[PDB]
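The structure appears below as C-alpha cells.
Heavy atoms only: backbone and side chains are in, while hydrogens, waters and symmetry mates are out. Per chain, numbering begins at 1; letters A, B, ... match sequence-line order.
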Amino acid sequence: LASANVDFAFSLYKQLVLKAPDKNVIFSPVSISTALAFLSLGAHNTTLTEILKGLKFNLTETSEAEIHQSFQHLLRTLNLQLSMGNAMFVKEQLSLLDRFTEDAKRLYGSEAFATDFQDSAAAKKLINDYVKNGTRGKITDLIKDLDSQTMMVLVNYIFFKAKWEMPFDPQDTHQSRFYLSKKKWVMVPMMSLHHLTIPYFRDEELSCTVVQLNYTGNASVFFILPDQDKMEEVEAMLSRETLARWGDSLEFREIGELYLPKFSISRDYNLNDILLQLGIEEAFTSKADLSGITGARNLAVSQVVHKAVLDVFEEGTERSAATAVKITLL
Amino acid sequence: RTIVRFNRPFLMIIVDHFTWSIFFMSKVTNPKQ
Ligand SMILES: [Ca+2]
Ligand SMILES: [Ca+2]
Ligand SMILES: [Ca+2]
Ligand SMILES: [Cl-]
Ligand SMILES: [Cl-]
Ligand SMILES: [Cl-]
C-alpha cells in the first residue's frame, strides 16, 4: 500500500518524462490513484484487475476492501492547509446502482451531482467551478472540452499550502542564473537561506545531493539535486528502494548557504497513453466492464486528464492538482 | 562550508508521513515556462 503508492508514483513519473522529455513536471500521484480507485468501485473482471494492478497493488495479498479503506483513511489523513475532495457528475437519467453511490460517499466522500452534459458549456463550467473552489482558485480549467454525450465524470482535487519552518527573507532574493544545460541559462529570482542545519546526504554513487526542508507542523519536502547532466541517470534510479535508502542516509549537516529559485510551474496532461503504458487498457475499449456503476456493461472511459500547479516563494509553497475521468456509453 | 545551490534541474517529492504515499512530485527543468 505504501509500497504500492510509491511504486505507482515513480512508474507514472517515468512515463510522463518519456512522453515529454524536455518539460517541467508537476503532478499529484495521490490525486490520480484516488480517481482511479474511485473508478474501480464500479469495475469488474479484467477492467478491475488492470486498474488495481496498474495502481501497483498486489491483488493476491490485498483485497478490494483493504484498498478502498486505504483511500478512505488517506482522505481523512488529508482533510498548514491540506484538503482533498471527490465528486461524481452524472447525467440525471442514468440509472446507478445503490451500492456504487453509497460506497462512493462512504469511502471517497463523493456526492453525485446531476449534470446535463448536453448543455456542455454549463456542465463544463460546473465541474471547473467545483475544482476551482476546491483548489482555492489555483486550477480553473481542468476540463478544456466536454463531449455532449458524456455520461459521467469522476473528479478528484487536492490542495496543499504550507509555510517553511525556516522562511526565506525576500531581501536575500536576487536575480541569478539557472542553468538549463552546461551552456545555456535563464535568469530567475534566487532565494537564499544562511546558516541552517538540515538533513543532508551526498550520494556519490548516484551523482546527486539530497536534502529535506521542513514546513511548519508535520510536513516536509525532499529535494534531489543531480550533478549537471545527470538528471536522466538519477530519474532511472527512482524506486521505492532508492527513496528508502536516501531517507535512511540523511544526516544533519550545517549548510552555510542554500539557494532555491522562486517560481511557479504548471502542467496539463492527457493521461490516456500514460495509463495504457501502465497496463490500464480494457476500461478504454469496447470491452470495458464498468457494470458496477449501472448494473450493465454500458459505460467506458473516454479520457483521463490531470492538471497541477506548483508555487515556490519565500514564505512557503502552494501545490494543487485535479484529475477527471470522463465516461461515455459503450 | 557546505553550499547547496539549486541552479540546475532538480526534483522535489512530498511524502506523507501518515501513509508514506506521494502527494506531489516535480521536476524543475526551467523555472520560467
Ligand atoms: Ca492479505
Ligand atoms: Ca559528479
Ligand atoms: Ca546524462
Ligand atoms: Cl479536457
Ligand atoms: Cl558521473
Ligand atoms: Cl513536488
Side-chain angles (χ1 to χ4, degrees), chain A residues 24-26 28 80-83 135-139 158-180 184-203 208-228 231 246-247 250-267 308-321, chain B residues 1-17 23-33:
Chain A
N24 289 308
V25 174
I26 171 69
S28 171
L80 182 145
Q81 309 162 48
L82 186 54
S83 54
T135 64
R136 323 209 180 172
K138 302 302 174 188
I139 297 176
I158 181 173
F159 179 82
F160 177 42
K161 181 168 174 61
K163 291 177 195 180
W164 300 114
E165 177 178 284
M166 181 176 280
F168 300 82
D169 185 342
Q171 295 189 16
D172 297 324
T173 301
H174 300 291
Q175 285 276 312
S176 308
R177 299 182 180 174
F178 184 97
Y179 288 91
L180 305 178
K184 195 161 103 80
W185 65 83
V186 293
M187 295 298 295
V188 303
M190 188 71 73
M191 313 185 296
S192 64
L193 293 169
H194 308 263
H195 301 298
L196 58 164
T197 302
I198 61 172
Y200 173 103
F201 176 57
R202 172 60 188 177
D203 191 336
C208 64
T209 297
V210 296
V211 301
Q212 174 190 317
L213 285 185
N214 293 328
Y215 295 116
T216 61
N218 194 239
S220 62
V221 42
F222 253 111
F223 289 86
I224 304 155
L225 181 58
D227 292 355
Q228 198 92 54
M231 172 64 77
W246 283 336
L250 290 168
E251 299 211 291
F252 283 87
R253 170 86 63 99
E254 298 190 325
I255 308 300
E257 308 161 11
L258 185 146
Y259 297 92
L260 183 67
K262 175 180 183 167
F263 66 97
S264 184
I265 57 169
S266 65
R267 286 284 309 278
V309 176
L310 165 66
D311 201 355
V312 174
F313 46 93
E314 284 91 346
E315 295 75 25
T317 61
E318 290 171 348
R319 286 171 166 94
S320 61
Chain B
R1 301 181 185 180
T2 299
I3 293 174
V4 178
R5 193 186 302 268
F6 293 95
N7 71 346
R8 56 175 174 275
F10 66 95
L11 309 173
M12 294 186 284
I13 305 179
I14 301 304
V15 180
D16 175 58
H17 270 257
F23 282 5
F24 293 91
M25 179 171 180
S26 53
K27 175 171 58 173
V28 183
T29 63
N30 180 348
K32 274 192 169 165
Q33 305 184 298

For side chain to side chain contact (heavy atoms under 4.5 Å, CB included), just list the numbers for A:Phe178 and B:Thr29, CA-CA rounded to whole Å, side-chain angles, deciding distance to a tenth of an Å, and then say yes or no. CA-CA 9 Å; A:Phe178 184 97; B:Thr29 63; over 6 Å; no
Using the side chain to side chain contact (heavy atoms under 4.5 Å, CB included) rule, take A:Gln212 and A:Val221 through it: C-alpha gap first, then chi angles, then the decisive distance, then the call. CA-CA 6 Å; A:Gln212 174 190 317; A:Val221 42; over 6 Å; no
Stepwise, does the side chain to side chain contact (heavy atoms under 4.5 Å, CB included) test hold for A:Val309 with A:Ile26? CA-CA 7 Å; A:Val309 176; A:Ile26 171 69; over 6 Å; no
Assess the residue pair A:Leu180 and A:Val186 against the criterion (side chain to side chain contact (heavy atoms under 4.5 Å, CB included)); give the C-alpha distance rounded to whole Å, side-chain angles, the decisive distance to 0.1 Å, and a yes or no. CA-CA 7 Å; A:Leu180 305 178; A:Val186 293; 3.6 Å; yes
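Side-chain contact between A:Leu260 and B:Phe10: present, with at least one pair of heavy atoms (C-beta onward) separated by less than 4.5 Å. Looking at A:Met190 and A:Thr173, their side chains never come closer than 4.5 Å, going by heavy atoms from C-beta outward. Under the 4.5 Å side-chain criterion, counting only non-hydrogen atoms from C-beta, A:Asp203 is not in contact with A:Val210. With contacts defined as side-chain heavy-atom distances shorter than 4.5 Å, the pair A:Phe252/A:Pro199 qualifies. In this structure, A:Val188 and A:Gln175 have side chains that are not in contact, with every pair of non-hydrogen atoms separated by 4.5 Å or more. The shortest distance between side-chain heavy atoms of A:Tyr200 and B:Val4 falls below 4.5 Å. Between A:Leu310 and B:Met12, the closest side-chain pair of non-hydrogen atoms falls below 4.5 Å. Using a 4.5 Å heavy-atom cutoff, the side chains of A:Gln228 and B:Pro9 are in contact.
Under the rule for a side chain to side chain contact (heavy atoms under 4.5 Å, CB included), the partners of A:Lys262 that lie at least two apart in sequence or sit in another chain are A:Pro189, A:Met191, A:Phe313, A:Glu314. Qualifying side chain to side chain donor-acceptor pair (under 3.5 Å) partners for A:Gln81, counting only residues two or more places apart in sequence or in other chains: A:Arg136. For A:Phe223, the ring-ring contact (aromatic ring centres under 6.0 Å, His included) test picks out B:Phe6, with sequence neighbours left out. Every side chain to side chain donor-acceptor pair (under 3.5 Å) that A:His194 has, sequence neighbours left out, goes to A:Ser192. Here A:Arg177 pairs with A:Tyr179 under the side chain to side chain donor-acceptor pair (under 3.5 Å) rule; sequence neighbours left out. Taking the ring-ring contact (aromatic ring centres under 6.0 Å, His included) definition, one finds that A:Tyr215 meets it with A:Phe160, A:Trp164, sequence neighbours left out. Residues forming a side chain to side chain donor-acceptor pair (under 3.5 Å) with A:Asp227 (at least two apart in sequence, or on another chain): A:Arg202. Under the salt bridge (charged side-chain N to carboxylate O under 4.0 Å, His left out) criterion, B:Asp16 pairs with no residue, sequence neighbours left out.
Considering every non-hydrogen atom in both A:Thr317 and A:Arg319, the closest pair reads OG1-NH1, 3.3 Å. Shown here for A:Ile224 and A:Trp246, the closest heavy-atom pair between the two residues is CD1-CZ3, 3.2 Å. Contact between A:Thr135 and A:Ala321 at its shortest, heavy atoms only, is CG2-O, 4.1 Å.
Open room surrounds CD on A:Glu251; 12 or fewer heavy atoms of other groups in view lie less than 6.0 Å from it.
A distance of 6.0 Å separates CD of B:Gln33 from CD1 of A:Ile265, quoted to the nearest 0.5 Å. In this structure, A:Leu225 CG and A:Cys208 SG are separated by 8.0 Å, a value rounded to the nearest 0.5 Å. Once rounded to the nearest 0.5 Å, the distance linking CG of A:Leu193 with CG of A:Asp172 reads 8.5 Å. How far CG of B:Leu11 is from OG of B:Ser26: 7.5 Å, rounded to the nearest 0.5 Å. Rounded to the nearest 0.5 Å, atoms CD1 (B:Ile13) and CE (B:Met25) are 4.5 Å apart. Between the CG atom of A:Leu196 and the CD atom of A:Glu257 there is a distance of 10.5 Å, given to the nearest 0.5 Å.
No option in A:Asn24, A:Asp311, A:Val312 other than A:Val312 meets the side chain to side chain contact (heavy atoms under 4.5 Å, CB included) test with A:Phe263.
When atom types are taken as modelled, the side chain of B:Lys32 and the backbone of A:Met187 share a donor-acceptor pair closer than 3.5 angstrom. In this structure, B:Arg8 contributes its side chain and A:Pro226 its backbone to a donor-acceptor pair below 3.5 Å. In this structure a side-chain-to-backbone donor-acceptor pair under 3.5 Å is missing from A:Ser28 to B:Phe24.
Between A:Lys163 and A:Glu315 there is no salt bridge, since no side-chain N of the basic residue sits under 4.0 Å from a carboxylate O of the acidic one.
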